[PDB]
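Protein chains in written order, with PDB author numbering: chain E, 1 to 146; chain A, 1 to 146; chain A', 1 to 146; chain C, 1 to 150; chain H, 2 to 149; chain D, 3 to 149; chain D', 3 to 149; chain B, 1 to 144; chain B', 1 to 144. A prime marks a further copy of an entry chain.
Below is one structure, written out as C-alpha cells; the observations come after it.
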Amino acid sequence: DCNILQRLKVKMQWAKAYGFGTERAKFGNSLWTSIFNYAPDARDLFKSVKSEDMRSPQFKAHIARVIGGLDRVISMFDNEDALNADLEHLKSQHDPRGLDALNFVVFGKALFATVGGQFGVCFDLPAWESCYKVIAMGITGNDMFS
Amino acid sequence: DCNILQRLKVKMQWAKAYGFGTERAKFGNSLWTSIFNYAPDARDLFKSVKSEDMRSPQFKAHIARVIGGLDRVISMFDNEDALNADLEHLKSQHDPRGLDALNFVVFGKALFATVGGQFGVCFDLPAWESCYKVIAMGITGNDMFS
Amino acid sequence: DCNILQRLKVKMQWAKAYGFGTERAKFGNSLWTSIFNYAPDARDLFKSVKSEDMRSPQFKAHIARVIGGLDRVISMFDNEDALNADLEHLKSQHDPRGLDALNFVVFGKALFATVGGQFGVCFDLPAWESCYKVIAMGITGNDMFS
Amino acid sequence: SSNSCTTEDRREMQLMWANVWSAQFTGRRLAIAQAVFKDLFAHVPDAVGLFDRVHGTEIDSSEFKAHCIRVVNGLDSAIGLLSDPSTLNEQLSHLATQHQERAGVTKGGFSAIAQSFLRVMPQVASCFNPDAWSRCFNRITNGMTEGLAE
Amino acid sequence: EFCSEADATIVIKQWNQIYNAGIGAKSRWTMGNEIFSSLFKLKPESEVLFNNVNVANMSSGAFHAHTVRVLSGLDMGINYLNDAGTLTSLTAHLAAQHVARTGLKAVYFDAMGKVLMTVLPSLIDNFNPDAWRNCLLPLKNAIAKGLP
Amino acid sequence: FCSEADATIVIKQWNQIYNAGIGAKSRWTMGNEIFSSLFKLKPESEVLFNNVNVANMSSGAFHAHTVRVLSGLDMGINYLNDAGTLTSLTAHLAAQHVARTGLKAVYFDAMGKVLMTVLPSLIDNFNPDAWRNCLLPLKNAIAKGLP
Amino acid sequence: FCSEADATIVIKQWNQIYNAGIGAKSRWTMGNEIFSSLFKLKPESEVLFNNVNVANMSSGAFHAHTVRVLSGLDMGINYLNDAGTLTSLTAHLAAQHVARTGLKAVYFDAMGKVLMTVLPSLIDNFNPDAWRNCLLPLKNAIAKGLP
Amino acid sequence: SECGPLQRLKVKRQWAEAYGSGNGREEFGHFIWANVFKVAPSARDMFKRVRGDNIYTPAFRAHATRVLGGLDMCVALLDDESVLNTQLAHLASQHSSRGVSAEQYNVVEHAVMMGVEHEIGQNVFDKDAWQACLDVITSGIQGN
Amino acid sequence: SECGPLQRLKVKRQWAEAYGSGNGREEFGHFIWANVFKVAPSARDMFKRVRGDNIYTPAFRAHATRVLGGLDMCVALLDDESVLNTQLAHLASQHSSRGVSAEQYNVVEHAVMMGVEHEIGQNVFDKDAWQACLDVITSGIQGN
Ligand SMILES: *[C@@H]1O[C@H](CO[C@@H]2O[C@@H](C)[C@@H](O)[C@@H](O)[C@@H]2O)[C@@H](O[C@@H]2O[C@H](CO)[C@@H](O[C@H]3O[C@H](CO[C@H]4O[C@H](CO)[C@@H](O)[C@H](O)[C@@H]4O)[C@@H](O)[C@H](O[C@H]4O[C@H](CO)[C@@H](O)[C@H](O)[C@@H]4O)[C@@H]3O)[C@H](O)[C@H]2NC(C)=O)[C@H](O)[C@H]1NC(C)=O
Ligand SMILES: *[C@@H]1O[C@H](CO[C@@H]2O[C@@H](C)[C@@H](O)[C@@H](O)[C@@H]2O)[C@@H](O[C@@H]2O[C@H](CO)[C@@H](O[C@H]3O[C@H](CO[C@H]4O[C@H](CO)[C@@H](O)[C@H](O)[C@@H]4O)[C@@H](O)[C@H](O[C@H]4O[C@H](CO)[C@@H](O)[C@H](O)[C@@H]4O)[C@@H]3O)[C@H](O)[C@H]2NC(C)=O)[C@H](O)[C@H]1NC(C)=O
Ligand SMILES: *[C@@H]1O[C@H](CO[C@@H]2O[C@@H](C)[C@@H](O)[C@@H](O)[C@@H]2O)[C@@H](O[C@@H]2O[C@H](CO)[C@@H](O[C@H]3O[C@H](CO[C@H]4O[C@H](CO)[C@@H](O)[C@H](O)[C@@H]4O)[C@@H](O)[C@H](O[C@H]4O[C@H](CO)[C@@H](O)[C@H](O)[C@@H]4O)[C@@H]3O)[C@H](O)[C@H]2NC(C)=O)[C@H](O)[C@H]1NC(C)=O
Ligand code: HEM
Ligand code: HEM
Ligand code: HEM
Ligand code: HEM
Ligand code: HEM
Ligand code: HEM
Ligand code: HEM
Ligand code: HEM
Ligand code: HEM
Ligand SMILES: [Ca+2]
Ligand SMILES: [Ca+2]
Ligand SMILES: [Ca+2]
Ligand SMILES: [Ca+2]
Ligand SMILES: [Ca+2]
Ligand SMILES: [Ca+2]
C-alpha cells in the first residue's frame with residue numbers, strides 16, 4: 001500500500017544507493033543499461049535523446065533528468081500535496097508521447113535491481129514494489145499500478 | 001516464462017551470489033533475516049528448528065538445508081526430469097505442514113533482495129521472478145506461481 | 001667546437017631530458033616559459049601561434065613543432081649532409097620572419113636551463129653551448145654563433 | 001573511428017563472453033547458439049534453407065547442435081583474438097572463405113544475426129554492454145564478409 | 002566551457018552540503034521559498050509568471066513542487082560542471098523549458114544570480130563567492146540563452 | 003570432527019569437482035558412479051532405492067536422488083569448520099537414514115571405501131588422510147545407531 | 003580520434019623503433035623504405051619530391067626530408083591523447099600538404115598501406131587494428147581537402 | 001586405461017585450466033606445435049598453406065588457433081557421445097584428403113599432453129586419463 | 001627470406017634485448033652452447049684448448065664470452081656492409097685453420113636463435129629475420 005513507514009524506508013535506502021557526485025551518473029547509467037537489457041525495444045522510444053549512443057551528452061543529460069526526477073519525487077514521499085502536484089507535472093510530460101504502461105513495469109524492475117544492487121542485502125523489495133506503484137500510478141494513471 | 005536463457009542466467013548469478021565456504025552461511029542468514037522481517041508471523045512456523053534463536057545450530061542447520069535445496073534445484077534447471085522429480089520430493093516434504101502459499105511469495109522476494117544485494121547491479125530481477133515461480137510452483141502446486 | 005664526442009654526449013642527455021609521451025609537452029612548456037621570462041618582448045613575435053595563451057592548442061602545436069625540430073636536428077648531429085640540409089630547411093622558414101638573432105641566444109640559454117634542470121647535475125653545459133651554436137648558425141647564418 | 005572496436009571494448013567483450021562461456025560443457029554454448037539461430041530464422045525464414053546439411057529445420061538434431069558448437073567455437077576464437085589482431089586477420093580470412101561462395105550467405109544475413117546476438121546475449125549475459133559488443137561484433141563480421149554482397 | 006575543475010569542485014562540495022538525496026523535501030522548498038521570495042522582491046514584475054504553480058500561495062503543494070524541481074535542476078547543473086558536454090546539453094534543455102514560457106527577461110536571471118549569491122552564504126559553510134561566481138554565471142547564461 | 007587445516011583441504015578439493023558453477027549432468031554422473039560402485043560392493047543394498055527408481059539409474063527420479071545425496075555431502079563438507087551446526091546437520095541426516103529400514107552401518111563403511119576410490123579419479127592430488135580425518139567422523143554421525 | 007587504450011599501444015610500439023635514443027641513420031633507412039614503397043605503389047607521386055632531391059635518395063637533402071616526415075609522424079603519435087593539440091597539429095601539417103600542387107588524397111591512402119606493411123617488419127607484435135584506429139583519423143585530417 | 005565418465009570429467013577440467021580463456025592460448029599452442037615439428041619435422045610439409053615452416057607467423061598461429069579450437073569442441077563434448085561422434089566425423093572429413101598417418105596423430109597427442117602438463121604442472125597431470133581420451137578423439141578423427 | 005634493411009634493424013633490437021648489458025650474458029651463452037653440444041656432441045673435440053668438455057669452466061665461459069662478443073660486432077655492423085664484411089673476414093681467418101663444416105655453422109645458428117627466443121620470448125621472436133641475417137653472418141665467416 002506504501003504507508004508512511006515504507007515511504008521512510010524507501011527514502012533512506014534511495015539516499016544511500018543514490019550517493020554523491022559522479023556515483024550518481026554511474027547509478028543512472030546502470031539503471032538505464034538494465035532498462036534496455038530488460039526491454040531492448042524500449043530503446044527506440046528515446047531517439048529524441050539520442051539513445052543510439054548511451055554515452056552521448058544528449059542521453060547522459062536524459063539520464064540525469066530521470067534520476068533527478070526519481071530523487072525529487074522520492075524526497076516528497078512524505079508530503080502528499082507536493083508529491084501529487086509533481087507526479088501530475090511528470091504525467092503531463094509523458095502523455096503526449098503515448099507510452100505503453102507496461103514499460104513502466106520494466107522501469108521499476110530495473111529501479112529495484114539497481115537500487116538493490118547498490119544498497120545490498122537489506123534492500124526492502126516489497127516496500128519498493130509498493131511505493132514505486134504510487135509513482136507509476138501517478139505518472140501513467142494506468143490502474144495496472146492500482 | 002523462465003526459458004533456457006534465463007535459467008542459465010540465474011545459474012550464473014546464483015553461483016556468484018551464493019559463493020563458497022562460510023560466505024554461504026552469511027547469505028543464508030540474510031535470506032532468512034529478510035523473510036522474517038518481511039513477514040514477522042512466518043517465524044512461528046519454524047519452532048521445530050528453533051527459529052526462536054537464529055544463531056542456534058538447530059536453525060543454522062535449517063538455513064543450510066534450505067539454501068542447499070535452492071542450490072541443487074537451480075543446478076537441475078536444465079534437466080526437467082531431475083528437476084521435477086526433485087521439486088516433487090520437496091513438495092511431499094512441505095505439503096504435510098499446511099503452509100500458506102503466500103509465504104512462498106515472501107520467500108522469493110527475500111531471495112531476490114539477497115541475491116541482488118550480493119550480486120550487484122547486474123542482477124536480472126525479471127529472470128529471477130520467472131524462474132523462481134517455476135520453483136515455488138513445483139513445491140506448492142499453487143497456480144499463483146503461474 | 002662541438003666535435004663528435006660532444007655531439008654524442010648531447011644526444012644522450014637530450015634523449016634523457018626530453019623523455020617520452022606527455023613528459024615531452026611539459027619539457028616543451030618549460031622551455032618556452034623560460035624563453036618568455038628571459039625576454040618578455042619575444043612573446044609578441046608569436047601572435048601567429050597564439051602565444052597570448054600558452055595553454056592554447058595553437059601554441060602547444062607550436063611548442064611540439066619546435067622541440068620536434070630540436071629533436072630531429074640533434075638526431076642528425078652525426079650526419080653533416082642531412083643535418084645541414086635540414087638546418088637550411090629550418091633557415092628558409094625563419095628567414096622571412098626578420099628575426100633578430102639575439103633571440104636565438106636567449107633560446108639557447110632557455111634550452112640549457114631546461115635540459116640541465118631535467119637532466120640533473122651531470123649536464124655538460126660547455127658541450128651544449130658549443131653544439132647549440134652549430135644549430136643556431138645553421139638556422140640564422142649569424143656569425144655570432146661562431 | 002569513431003565506431004571502431006577499441007582496446008577497451010575488446011576487454012569488455014571478452015568479459016561479457018568469458019562469463020557466459022562454459023569452458024567444460026557444451027550446455028551453455030549450445031544454448032546460446034541455438035537461440036541465436038531460432039531468432040535469425042524467425043526474422044529471416046529463407047535462411048533456414050542454407051543449413052539443410054546441418055539440419056537447420058531441426059535445431060535439436062545432433063547435426064545442427066554440432067554446427068552451433070562450431071559457430072560458437074568460431075566466435076570464441078575470434079573474440080579471444082581481438083587481443084592479437086595480426087592473427088585475428090588471418091583467422092577472419094579463413095572464416096571468410098568458409099562462408100564465401102555459398103549462395104545467400106550474404107552480408108545482409110550477417111547484419112541479421114548481429115541483431116539476433118544483440119537480442120540473445122542480454123538474456124544470458126550479466127552486465128551486457130550492447131554498444132561495446134556490437135562495435136566489436138561488427139569488426140569481426142567485417143573480416144568475415146570481406147568478399148560478399150549486400 | 003563553464004568553469005575550471007578546481008572551481009567546480011569547490012562549488013559541488015559546498016552545494017552538496019545543503020542538497021543531496023538525504024535532504025528532505027521540506028528543507029528544499031524552505032530554500033526554494035526564500036529564494037523566489039527574494040527574486041520577487043528584486044523583480045516584483047516576475048512574480049506573475051508563476052501563477053500556473055499557484056505562486057499566490059507559496060506554501061501550496063503546487064508551488065512547493067515547483068521550487069523542488071527548480072532546485073533539482075540547479076543541482077543537476079552543478080553536479081555536471083565537470084562534464085561540459087553533458088552540461089551543455091542539460092542547459093540547452095533547461096533553456097528550452099524557459100524560452101517556451103513568455104514574459105521572462107534576461108535581467109530576471111541576473112536577479113536570480115544575486116539572490117543565490119545572497120542566500121547561499123547563509124546556508125553554506127564558509128561560502129566561496131569567487132568560485133560560485135565563476136561557475137554560476139556561465140550556467141545562468143546557458144539557461145537564459147535567448148531571453149530578452 | 004576434523005582439524006581446521008584438514009577441513010580446509012577437503013573443502014578445497016571438493017569444490018574442485020563440485021560447486022554452484024557446473025552442470026547437474028556432471029553431478030549425477032558422479033552420483034551414478036558412486037552408487038553403481040556401492041551396489042557392486044554390497045548388491046544387497048541396491049533394493050533400498052527402489053523408491054527413487056533405482057531400476058533405471060538414468061531416470062529423473064534417481065538422478066534427483068543422487069543430486070540430493072551429493073548436495074547433502076556438500077552441505078556437510080562446507081560445515082566442517084562449524085562443529086555446532088555440523089553436529090545438528092548430521093543428526094538430521096542421521097534421522098533421515100534411521101527411519102529407513104534395511105540400513106546397516108556396514109553400508110556406510112562401503113560408501114566410505116567407494117568415496118575414497120572414486121574421488122581420487124576426479125580430484126587433483128586427492129588427499130586420503132585429510133579426507134579420512136574429516137569424513138570418517140561424519141560417516142559415524144550419519145550411521146550411528148543403525149545395524 | 004582514437005581510444006586512450008589504442009593510442010597507448012600505438013605510442014608504445016612506435017617508440018620501440020623510434021625515439022630520441024637511436025641513430026638518424028636508422029631513421030632515414032626506414033624513411034627510404036617507406037617512400038620507395040610509396041613510389042612502387044604510386045610511381046606518379048615520386049616527382050613531387052624532386053625538390054628534396056628525390057633523384058638521389060641517399061642525399062642529405064632527401065635524408066633530411068624523410069627525417070622531417072618521420073618526426074612529424076612521431077609528433078602526431080605522441081599527441082594522440084591530446085585531441086585539442088593534435089587537431090591543431092594536423093591542421094598545420096594539412097596546410098603544408100595542400101599548398102603542394104599535385105597531391106591527391108589517394109596518395110595518403112597508399113602511404114597508409116605502406117605504413118601498415120612496413121611497420122610490422124620493424125615492430126614486435128605490431129597491432130594493425132590499434133594502428134588503423136589511430137592512424138586513419140590522422141591521415142584524413144592531413145589529407146582532408148585534397149583531390 | 002579407458003576413457004570412462006570419470007576420466008572425461010578430469011580431462012574437461014584439466015583442459016579448461018590449460019586452454020583457459022584466451023590470454024595464454026598463443027603460448028599454449030606454440031609450445032604444442034614446436035614440440036610436434038621437433039619430434040616429426042617431416043610433417044611440416046603438410047602445412048604449406050599455413051606457413052608450417054614458420055610457426056611464428058600469423059598464418060600458422062591462426063591455424064594453431066583452429067586446431068585447439070577443435071580439441072576444445074571434442075573435450076567439451078566428451079560427455080555427449082551422440083554429438084561428440086558427430087563432431088569427430090566433421091574433423092574426419094576435414095582431414096580425409098590429407099593422408100595423416102596414425103603415427104602423426106599419436107605425435108600430436110603427446111605434444112598436446114606435454115603442453116597441458118606444461119600449463120598445469122606435472123603435480124596434477126593425469127596421464128592415464130589424457131591418453132585414453134585423446135585416443136578416443138584421434139581414433140574417431142581417423143574414421144576408426 | 002632475405003636479410004634486408006628492415007630485418008637488420010629488427011635483429012639489432014632483438015639481439016640487444018637478448019644480449020643485454022652483461023648480467024644475463026653468462027646464462028645466455030650457457031644456454032646457447034649447451035644446445036650446440038647436445039645437438040652435435042661430436043663438435044666439442046674442436047674446443048680442447050678451452051675445456052669444451054666442461055662448459056661450466058671459466059675457460060669455456062671466457063670462450064663463450066668471445067663468441068657472443070663476435071656475434072655482437074656483426075649484428076652491430078649489419079647496417080654497414082663495408083665494415084661488416086671487413087669484420088667477417090677477420091672472423092674467417094680466426095676459424096680458417098680449424099675446419100668448421102657448414103653444418104656446424106648451421107647448428108650454432110639454431111643454438112643462437114633458440115637462445116635469443118628463450119631470452120625475449122616466442123611471442124616476439126622473428127625467425128625469418130634471424131635466419132636470413134645469421135645466414136649472412138656465417139656465410140661470410142666461411143669466406144662464402
Ligand atoms: C496555502 O495552502 C496551505 C495548505 O493547503 C493545502 O494546499 C493548497 C494548495 C490546497 O491544495 C489545500 O487543499 C491544501 O490543504 C493552507 O493551509 C492549510 O489550510 C487548511 C484549510 O483548508 C487547513 O485545514 C483546515 O481544515 C481541515 C479540514 O476541514 C474540513 O473538515 C472539517 C471536519 O472536521 C469541517 O468542519 C470543515 O468545515 C472542513 O470541511 C480541518 O481539519 C482543520 O481544522 C481543525 O483544527 C482546528 C484547530 O486549529 C480545530 O478547531 C477544528 O475543529 C479542526 O479540528 C484546519 O483548520 C490546513 O491545516 C492548512 N495546512 C497546513 C499544513 O498549514 C494555507 O492556509 C493556504 N493559504 C491561503 C490563505 O490560501
Ligand atoms: C531409462 O530412462 C532413459 C531416459 O529416459 C528418461 O527417463 C525415463 C525413466 C523416462 O522417464 C523418460 O520419459 C525420460 O526421457 C530411457 O532412455 C531414453 O528413452 C527414450 C525413449 O523415448 C530415448 O529416445 C529415443 O527416441 C526418441 C523419440 O523416439 C520416437 O520419436 C521419434 C521422432 O522424434 C521417432 O523417429 C521414433 O520412431 C520414436 O517413435 C528420440 O528423441 C531419439 O531417437 C532419435 O535419435 C537417435 C540418436 O540419439 C537416433 O538413433 C534415432 O533414429 C532417432 O532419430 C532417442 O534415441 C532416449 O534416447 C533414451 N535416452 C538416451 C540418452 O538414450 C531408458 O529407456 C529408460 N530405461 C528403460 C528400459 O525403461
Ligand atoms: C648519391 O649520394 C651518394 C652519397 O654521397 C653523398 O650525397 C650526394 C648527394 C653528394 O651530396 C655527396 O657530396 C655526398 O657524399 C653518392 O655516393 C657516394 O659518392 C661518393 C663519391 O665521392 C663515394 O665516395 C667514394 O669515393 C671517396 C673519395 O674518392 C676519391 O678520393 C679517394 C681518396 O680518399 C681516391 O682514392 C679516389 O680515387 C677518389 O678520387 C672515398 O671516400 C670512397 O672510396 C674508397 O673506399 C671504397 C670502399 O668503400 C674503396 O672501394 C675505394 O677504392 C676507395 O678506397 C668512396 O667509395 C661514396 O662511397 C658514395 N656513398 C656510398 C655509401 O657508396 C652517389 O653517387 C649519389 N648518386 C649519384 C649517382 O649522384
Ligand atoms: C517512473 C519513472 C520515470 C521518471 C521519474 C521519469 C522522468 C522523466 C523526466 C524528468 C523526463 C524529462 C522531462 C523534461 O524535462 O522534458 C522524462 C522524459 C522522458 N521519459 Fe521518463 N520517466 C520515468 C519513466 C519513463 C518510462 C517507463 C518511459 C518509457 C519507456 C519514459 C519515457 C520518457 C521519454 C520518451 C521522455 C522524453 C525524452 C526527451 O525527448 O526529452 N519515462 N522522464
Ligand atoms: C522455494 C523455497 C524453499 C526451498 C528450496 C525449501 C527447502 C526446504 C528443505 C530442503 C527442507 C528440509 C527438508 C528435510 O530434509 O527434512 C525444508 C524444510 C522446511 N521448510 Fe522449506 N523450503 C522453501 C520454502 C519454504 C517456505 C516458503 C516455508 C514456509 C514458510 C518453508 C517451511 C519449511 C518447514 C516448516 C520445514 C521443516 C523444518 C524442520 O525440519 O523442522 N519452506 N525446506
Ligand atoms: C634553434 C632553435 C629553433 C628551432 C629548432 C626552431 C624550429 C621551428 C619549427 C620546426 C617551426 C615550424 C615550421 C613549420 O612547420 O612551419 C618554427 C616556427 C617558428 N619559429 Fe622557430 N625554431 C627555433 C628558434 C626560433 C627563435 C629563436 C625564434 C624567434 C624568436 C623562432 C620563431 C619562430 C616563428 C615566429 C615561427 C612560426 C610560427 C608560426 O607557424 O606561426 N624560432 N620554428
Ligand atoms: C559472425 C558470426 C558467424 C560465425 C562465427 C560463423 C561460423 C561458422 C563456422 C565455424 C562454420 C563451420 C565451418 C567448417 O567447419 O567448415 C560455419 C558454417 C556456415 N555458416 Fe557461419 N558463422 C557466422 C555467421 C553466419 C551467417 C550470418 C550465415 C548466413 C546466413 C552463416 C552461414 C553458414 C553456412 C551456410 C555454413 C556451412 C554449414 C555447413 O553445412 O556445414 N554463418 N559458420
Ligand atoms: C538559474 C536558475 C533557474 C533554474 C535552475 C530553473 C529551473 C527550472 C525548472 C527545472 C523548471 C521546470 C521545468 C519543467 O519541468 O517543465 C523551471 C520552470 C520555470 N521557471 Fe525556472 N529556473 C531558474 C530560473 C528562473 C528564473 C530567473 C525565472 C524567471 C523569473 C524562471 C521562471 C520559470 C517559469 C515561469 C517556469 C515554468 C513554471 C510552470 O510550469 O508553471 N526560472 N525552472
Ligand atoms: C555418507 C554419505 C551419504 C549421504 C551424504 C547421504 C545423503 C542422503 C540424503 C540427503 C537423502 C535424502 C533425504 C531426504 O531428503 O528425504 C538420502 C536418502 C537416502 N539414503 Fe543416503 N546418504 C549417504 C549414504 C547412504 C548409504 C551408504 C545408504 C545405504 C545403502 C543410503 C541410503 C539412503 C536411502 C535408502 C535414502 C532414501 C531414498 C528415498 O527417498 O527413497 N544413503 N541420503
Ligand atoms: C601521413 C604521413 C605523412 C607525414 C607525417 C608527412 C609529413 C611531412 C612533413 C613534416 C613535411 C615537411 C613540411 C615542412 O617542413 O615544410 C612534409 C612535406 C612534404 N610531403 Fe609529406 N607527410 C606524409 C605523407 C605524404 C604523402 C602521402 C605525400 C604524397 C606523395 C607527401 C608529400 C609531401 C611533399 C611533396 C612535401 C614537400 C617536400 C619539399 O619540401 O619539397 N607527404 N610531409
Ligand atoms: C589432435 C587432433 C587434431 C585436431 C582436433 C585437428 C583439427 C584441425 C582443424 C580444426 C583444422 C582446420 C580445418 C579447416 O578449417 O579447414 C585442421 C587442419 C589441418 N590439420 Fe588437423 N587436427 C588434429 C590433428 C592433426 C594431425 C595429427 C595432422 C597431421 C600431421 C593434422 C594436419 C592438418 C592439416 C594438414 C590441416 C590443414 C591445414 C590447412 O588448412 O592448410 N591435423 N586440423
Ligand atoms: C656463429 C658464428 C660464430 C662466431 C661469431 C664465432 C666467433 C669466434 C671467436 C670470436 C673466436 C675467438 C677467436 C680468438 O680470439 O682467437 C672463436 C673461436 C673458435 N670458434 Fe667460433 N665462432 C662462430 C662459430 C663457430 C662454429 C660453428 C664452430 C664450430 C663448431 C666454431 C669453432 C671455434 C673454435 C674451435 C674456436 C677456437 C677456440 C680456441 O681458441 O681454442 N666457431 N669463434
Ligand atoms: Ca493439504
Ligand atoms: Ca632578411
Ligand atoms: Ca596458463
Ligand atoms: Ca593414440
Ligand atoms: Ca634477460
Ligand atoms: Ca645457415
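Positions of the beta carbon are idealized from the N, C-alpha and C atoms, including for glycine.
- Judged by DSSP secondary structure, B':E26 falls within the alpha helix (DSSP H) whose first and last residues are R25 to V39.
- For D':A9, the closest alpha carbon among the candidates D':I79, D':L72 and D':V71 is that of D':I79.
- Taken through DSSP and simplified to helix, strand or coil, E:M76 comes out as coil.
- With a cut-off of 7 Å, the C-beta of H:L124 is classified as distant from ligand 8, since no heavy atom of the ligand falls inside that distance.
- Between the alpha carbons of A:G28 and A:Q93 lies a distance of about 20 Å.
- When DSSP states are grouped into helix, strand and coil, H:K27 belongs to the helix group.
- Not a single heavy atom of ligand 8 lies less than 7 Å from the C-beta of C:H99.
- When CB distances to chain C are screened at a threshold of 9 Å, the residues of the region 25-57 of chain D falling below it are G25, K27 and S28, in chain order.
- In terms of Cβ geometry, C:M121 and C:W133 form a close pair [threshold 8 Å].
- Here B':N54 is exposed, its C-beta having fewer than 16 other C-beta atoms within 10 Å.
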